[PDB]
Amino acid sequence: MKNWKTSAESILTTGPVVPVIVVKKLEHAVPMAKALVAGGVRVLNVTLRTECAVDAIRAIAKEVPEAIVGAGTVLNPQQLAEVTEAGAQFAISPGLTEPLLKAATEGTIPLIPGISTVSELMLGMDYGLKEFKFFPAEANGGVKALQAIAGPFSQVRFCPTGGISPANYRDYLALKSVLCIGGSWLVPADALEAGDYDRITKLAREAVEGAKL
């Protein structure tokens, strides 16, 4: 369609890890985003799981130009339009539907939607998509399930999210079908609550360095 100035592939290839951010207090959003950027992680998935999420996207979009901020847990076109208005550069959804795929592909920012099954992958491909989230990765059957799901589809690429942490993320990054992974461990709720931005920066840098090799 030509509609997306930012490609979905560019979002997934910026770096190896995309943090799944749950931010309860708005005041934490900008220092958190700066702390991630300082650790070399700069694609920020702010999930629509808290009241302040869209305001957090808006603030990060304005105040942290070194980050590419987007929205996650986007379930429907209403939410897609909200995050587009607020300054999200991309949208992540935990699964897909036709109204969401239609609104996204007609709209101005890339959607990287989750799938669990090949039928869901095929419906996304019918809308021209080739980059997907694999969610919930561990509950979908992990690396092996992803290897089987990805096999008939040489060209498709994934961002697995759900149950991924330093213990297992390399297993996913090793796969030819995987561009990057998502996880909430880079932004733990207790770190945000305690204002331990220093620890967020270290978690980010540990993730980036640990992804190599």
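Quick note: we count residues from 1 along the sequence shown, nothing fancier.
Q: Please compare 18 to 26 with 192 to 200 and name the stretch with the higher mean C-alpha B-factor in the deposited structure.
A: Per the PDB entry, the higher value belongs to 192 to 200.
Q: Of 125 to 133 and 139 to 147, which one has the bigger average CA B-factor?
A: Higher of the two, by average CA B-factor, is 139 to 147.
Q: Which is it among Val69, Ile181, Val187, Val41: the one with the largest CA B-factor in the entry?
A: Result of the comparison over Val69, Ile181, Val187, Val41: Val187.
Q: Place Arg157 in the lowest, middle or highest third of its chain's C-alpha B-factors, as listed in the PDB entry.
A: Tercile = lowest for this residue's CA B-factor.
Q: Quick check on the deposited entry: does the C-alpha B-factor of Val46 sit in the lowest, middle or highest third of its chain?
A: Within its chain, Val46 is a lowest-third residue by C-alpha B-factor, going by the deposited values.
Q: Considering only modelled residues of the same chain, in which third does the CA B-factor of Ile60 rank: lowest, middle or highest?
A: It belongs to the middle third of the chain when residues are ordered by C-alpha B-factor.
Q: In terms of the chain's CA B-factor thirds, is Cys52 lowest, middle or highest?
A: For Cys52, whose C-alpha B-factor we compare with every modelled residue in the chain, the answer is the highest third.
Q: Please say which third, lowest, middle or highest, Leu36 falls into when its CA temperature factor is compared across its chain.
A: Answer is lowest: the recorded C-alpha B-factor places it there.
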